[PDB]
$ cat protein-v2.pdb   # PDB, C-alpha atoms
ATOM      1  CA  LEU A 160      34.504  43.308  34.126
ATOM      2  CA  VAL A 161      31.165  44.167  35.715
ATOM      3  CA  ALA A 162      30.186  40.593  36.590
ATOM      4  CA  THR A 163      31.318  37.109  37.106
ATOM      5  CA  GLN A 164      28.615  34.440  37.885
ATOM      6  CA  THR A 165      28.356  30.614  37.732
ATOM      7  CA  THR A 166      25.688  28.424  36.045
ATOM      8  CA  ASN A 167      23.433  26.842  38.764
ATOM      9  CA  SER A 168      21.249  23.670  38.417
ATOM     10  CA  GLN A 169      18.880  25.266  36.012
ATOM     11  CA  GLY A 170      22.193  26.179  34.163
ATOM     12  CA  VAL A 171      21.336  29.910  34.601
ATOM     13  CA  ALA A 172      23.795  32.632  35.598
ATOM     14  CA  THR A 173      21.824  35.864  36.060
ATOM     15  CA  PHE A 174      23.605  39.136  35.758
ATOM     16  CA  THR A 175      22.069  42.323  37.091
ATOM     17  CA  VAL A 176      23.901  44.909  34.987
ATOM     18  CA  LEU A 177      23.275  48.673  34.346
ATOM     19  CA  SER A 178      21.658  50.272  31.280
ATOM     20  CA  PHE A 179      23.551  53.151  29.739
ATOM     21  CA  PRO A 180      21.150  55.933  28.401
ATOM     22  CA  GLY A 181      20.841  54.871  24.696
ATOM     23  CA  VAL A 182      24.373  53.380  24.291
ATOM     24  CA  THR A 183      24.601  49.788  23.106
ATOM     25  CA  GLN A 184      26.355  47.533  25.502
ATOM     26  CA  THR A 185      28.473  44.747  23.841
ATOM     27  CA  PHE A 186      29.148  42.190  26.516
ATOM     28  CA  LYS A 187      31.502  39.283  25.933
ATOM     29  CA  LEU A 188      30.522  36.113  27.815
ATOM     30  CA  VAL A 189      33.637  33.843  28.323
ATOM     31  CA  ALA A 190      32.206  30.552  29.495
ATOM     32  CA  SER A 191      34.299  27.560  30.642
ATOM     33  CA  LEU A 192      34.023  24.437  32.739
ATOM     34  CA  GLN A 193      37.318  22.482  33.141
ATOM     35  CA  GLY A 194      36.952  19.190  31.376
ATOM     36  CA  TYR A 195      35.306  21.015  28.357
ATOM     37  CA  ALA A 196      36.910  23.379  25.769
ATOM     38  CA  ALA A 197      36.408  27.131  26.555
ATOM     39  CA  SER A 198      33.716  28.866  24.505
ATOM     40  CA  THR A 199      32.861  32.464  23.810
ATOM     41  CA  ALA A 200      29.855  34.514  22.692
ATOM     42  CA  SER A 201      29.394  38.324  22.506
ATOM     43  CA  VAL A 202      25.935  39.583  22.516
ATOM     44  CA  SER A 203      24.782  43.180  22.627
ATOM     45  CA  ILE A 204      21.843  44.472  24.708
ATOM     46  CA  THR A 205      20.397  47.399  22.748
ATOM     47  CA  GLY A 206      18.884  49.031  25.729
ATOM     48  CA  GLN A 207      17.064  46.687  28.084
ATOM     49  CA  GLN A 208      16.591  43.294  26.452
ATOM     50  CA  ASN A 209      17.181  39.938  28.167
ATOM     51  CA  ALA A 210      20.090  38.497  26.121
ATOM     52  CA  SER A 211      19.996  34.720  26.598
ATOM     53  CA  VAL A 212      22.786  32.750  24.740
TER
ATOM     54  CA  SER B 107      -3.167  33.963 -33.180
ATOM     55  CA  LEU B 108      -6.442  32.273 -33.049
ATOM     56  CA  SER B 109      -7.400  32.332 -36.681
ATOM     57  CA  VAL B 110     -10.705  30.781 -35.682
ATOM     58  CA  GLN B 111     -11.418  29.410 -39.146
ATOM     59  CA  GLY B 112     -14.875  28.088 -38.285
ATOM     60  CA  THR B 113     -18.248  29.528 -39.406
ATOM     61  CA  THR B 114     -17.201  32.653 -37.741
ATOM     62  CA  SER B 115     -13.814  34.184 -38.701
ATOM     63  CA  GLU B 116     -12.210  35.589 -35.514
ATOM     64  CA  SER B 117      -8.691  36.761 -35.812
ATOM     65  CA  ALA B 118      -7.304  37.705 -32.355
ATOM     66  CA  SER B 119      -3.664  38.480 -31.781
ATOM     67  CA  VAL B 120      -3.148  36.956 -28.204
ATOM     68  CA  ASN B 121       0.197  37.749 -27.042
ATOM     69  CA  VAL B 122       1.800  35.209 -24.648
ATOM     70  CA  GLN B 123       5.232  35.018 -22.981
ATOM     71  CA  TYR B 124       7.515  32.199 -21.912
ATOM     72  CA  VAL B 125      10.632  31.776 -19.894
ATOM     73  CA  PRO B 126      12.226  28.389 -18.869
ATOM     74  CA  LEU B 127      12.469  27.258 -15.324
ATOM     75  CA  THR B 128      15.475  28.460 -13.306
ATOM     76  CA  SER B 129      16.931  27.513  -9.921
ATOM     77  CA  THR B 130      19.129  29.027  -7.171
ATOM     78  CA  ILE B 131      21.560  26.725  -5.431
ATOM     79  CA  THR B 132      23.389  28.138  -2.435
ATOM     80  CA  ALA B 133      26.778  27.725  -0.778
ATOM     81  CA  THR B 134      27.540  29.097   2.684
ATOM     82  CA  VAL B 135      30.753  29.440   4.848
ATOM     83  CA  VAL B 136      30.856  30.243   8.573
ATOM     84  CA  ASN B 137      33.137  30.356  11.506
ATOM     85  CA  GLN B 138      32.061  29.489  15.130
ATOM     86  CA  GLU B 139      33.601  32.804  16.244
ATOM     87  CA  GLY B 140      30.051  34.003  15.535
ATOM     88  CA  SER B 141      31.202  35.729  12.152
ATOM     89  CA  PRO B 142      30.340  34.297   8.690
ATOM     90  CA  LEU B 143      33.402  33.926   6.455
ATOM     91  CA  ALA B 144      33.953  35.775   3.220
ATOM     92  CA  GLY B 145      36.388  36.339   0.494
ATOM     93  CA  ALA B 146      35.473  33.181  -1.406
ATOM     94  CA  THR B 147      35.645  32.462  -4.990
ATOM     95  CA  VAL B 148      32.710  30.034  -5.088
ATOM     96  CA  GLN B 149      32.204  28.086  -8.429
ATOM     97  CA  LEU B 150      28.984  26.297  -9.094
ATOM     98  CA  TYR B 151      29.315  23.629 -11.767
ATOM     99  CA  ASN B 152      26.543  22.078 -14.104
ATOM    100  CA  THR B 153      27.504  18.507 -13.023
ATOM    101  CA  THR B 154      24.255  17.249 -14.417
ATOM    102  CA  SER B 155      26.141  16.794 -17.838
ATOM    103  CA  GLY B 156      28.247  14.093 -16.205
ATOM    104  CA  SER B 157      31.009  16.748 -16.143
ATOM    105  CA  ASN B 158      31.720  20.052 -14.328
ATOM    106  CA  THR B 159      30.209  22.536 -16.986
TER
END
$ encode --input "protein-v2.pdb" --output "structure tokens"
Amino acid sequence: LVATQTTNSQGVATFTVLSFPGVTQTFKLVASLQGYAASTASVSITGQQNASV
Amino acid sequence: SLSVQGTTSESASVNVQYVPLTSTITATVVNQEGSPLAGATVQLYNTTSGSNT
């Protein structure tokens, strides 16, 4: 766990997260809002890329 | 072969090819885990006959 944010009124949660030097960083996003079934996506930033799911 | 049997005899062997039309029809399986599924025996049937040829 390096971050835990909430979706605002643009529906954006912005994570400022580190870049490893050349190592690909698989990050699992577990997203939930109670009253809707929990959903998951795992996207990988291969270096600095803005991974929007 | 144009055997041009006119006023002028021209005999030209003009080689030509042919192949019927052919079509690719596609099945797909997926899971919402974010991984496509596999391991399928997938049978396409010529059900243009009126029957599953």
$ residues_around --input "protein-v2.pdb" --residues "residue 131 in chain B" --least-positions-apart "2" --cutoff "12 Å" --atoms "all atoms listed in the file" --output "count of residues only"
9
$ residues_near_point --input "protein-v2.pdb" --point "(15.4, 57.2, 23.1)" --cutoff "12 Å" --atoms "only C-alpha atoms" --output "PyMOL selection string"
chain A and resi 179-183+205-207
$ write_last_selection --input "protein-v2.pdb" --atoms "C-alpha atoms" --output "PDB file, in the frame of the given file"
ATOM      1  CA  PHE A 179      23.551  53.151  29.739  1.00  0.00           C
ATOM      2  CA  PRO A 180      21.150  55.933  28.401  1.00  0.00           C
ATOM      3  CA  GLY A 181      20.841  54.871  24.696  1.00  0.00           C
ATOM      4  CA  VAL A 182      24.373  53.380  24.291  1.00  0.00           C
ATOM      5  CA  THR A 183      24.601  49.788  23.106  1.00  0.00           C
ATOM      6  CA  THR A 205      20.397  47.399  22.748  1.00  0.00           C
ATOM      7  CA  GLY A 206      18.884  49.031  25.729  1.00  0.00           C
ATOM      8  CA  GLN A 207      17.064  46.687  28.084  1.00  0.00           C
TER       9      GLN A 207
END
$ resolve_selection --input "protein-v2.pdb" --expression "the ChimeraX specification (/A :<12) & /B" --output "MDAnalysis selection string"
chainID B and resid 138:141
$ atom_distance --input "protein-v2.pdb" --atom1 "CA of residue 172 in chain A" --atom2 "CA of residue 210 in chain A"
11.7 Å
$ resolve_selection --input "protein-v2.pdb" --expression "the PyMOL selection byres ((chain B and resi 120) around 9)" --output "number ranges by chain"
B: 107-108, 118-119, 121-122
$ resolve_selection --input "protein-v2.pdb" --expression "the PyMOL selection byres ((chain A and resi 189) around 12)" --output "ChimeraX atom specification"
/A:160,162-165,186-188,190-192,196-202,212
$ axis_aligned_box --input "protein-v2.pdb" --around "range 120-138 of chain B" --padding-each-side "5 Å" --output "lines of an AutoDock Vina configuration file"
center_x = 15.0
center_y = 32.2
center_z = -6.5
size_x = 46.3
size_y = 21.0
size_z = 53.3
$ atom_distance --input "protein-v2.pdb" --atom1 "CA of residue 204 in chain A" --atom2 "CA of residue 185 in chain A"
6.7 Å
